[PDB]
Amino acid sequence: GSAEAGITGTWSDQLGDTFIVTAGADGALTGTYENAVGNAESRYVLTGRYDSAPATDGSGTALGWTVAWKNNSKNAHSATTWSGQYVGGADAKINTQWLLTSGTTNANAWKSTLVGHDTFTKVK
């Protein structure tokens, strides 16, 4: 599909971290998040969902994914979810907003969740 092939590939965010994703025919997203320096200890699994049959009116394709910040050697006791849309074309983009929740005590729950935005450009 157009949505499937568009989303699949390697993306870089504006901080230079790297989002490697495959989109499946069933709406699944799978891949890896890794840091700008490329470090093996810097790689984390991601999973999410996308709209496999987007509107045909020039709108983007909705999607979201999660990374929990645990891998074989690190654990930051936190997870980020990216919610956004894929916009195809020459200079395709994925435009997202994100929520990063850390595990906290209930007294510190008000400081549990960061918010931000990341824009990805496709490298290949």
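Start at 1 with the first residue shown and count on from there.
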item: Residue range whose averaged C-alpha B-factor is higher in the record, 8-16 or 99-107; value: 8-16
item: Stretch with the greater mean C-alpha B-factor as recorded in the entry, comparing 112-120 against 18-26; value: 18-26
item: Maximum C-alpha temperature factor, selected from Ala55, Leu46, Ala40, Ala62; value: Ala40
item: Residue with maximal Cα B-factor (values as given in the PDB entry) among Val67, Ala76, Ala36, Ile94; value: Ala36
item: Ranked against its chain, the third holding the CA B-factor of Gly89; value: highest
